[PDB]
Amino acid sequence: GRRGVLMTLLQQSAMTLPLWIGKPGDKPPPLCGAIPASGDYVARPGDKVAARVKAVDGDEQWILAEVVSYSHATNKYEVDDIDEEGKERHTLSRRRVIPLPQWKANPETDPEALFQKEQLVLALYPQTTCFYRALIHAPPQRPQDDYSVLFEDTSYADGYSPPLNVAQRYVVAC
């Protein structure tokens, strides 16, 4: 059903994120892993983003979305929810859009392009298409590996989830 379709789609996108392969002297580019976008970067149609969207009832979530367009007339994006049950194309200010990484950082060659242990991030929560505040528990050891994170979770006495795995595609700065 929908849930299978969604989860599959999430994995496809995580798995297909290209590994940054530099040669000696190169530095990892903007949007490689944890390296942020350039100032006044504008994401391109088709690019995945974390988008801060307000429901009709006022509830704010960072959702997984795709850019449709950007208007320099208004400095607003249009973005679609990656979930087909999200039937609203959202008009969003730049500060409500965080571009997802366009390359995975290889821990074995460019570890400075990974988030450090205990850094605060927005991470996609397992089985959801939404991003939530979390601390880095462990960076990936190999190129194929996920981050381990502790989500802020007040259902726990210490305020944190157990370590949960999140792919590089889905961890961005908070």
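Note that residue numbering begins at 1 and tracks the sequence as displayed.
At least a third of the other compared entries lacking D57?
Yes.
For the higher mean C-alpha B factor in the entry, choose 30-38 or 63-71.
The entry gives the higher C-alpha B-factor average to 63-71.
With respect to the recorded C-alpha B factors, which stretch has the higher mean value, 21-29 or 161-169?
The deposited B-factors put 21-29 ahead on the C-alpha mean.
Looking at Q127, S148, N106, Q119, which one carries the largest C-alpha B-factor according to the PDB entry?
Largest recorded C-alpha B-factor: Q127.
Lowest, middle or highest third: where is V49 by C-alpha B factor in its chain?
Middle third of the chain for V49's C-alpha B-factor.
Should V79 be placed in the lowest, middle or highest third of its chain by the C-alpha B factor in the entry?
It belongs to the middle third of the chain when residues are ordered by C-alpha B-factor.
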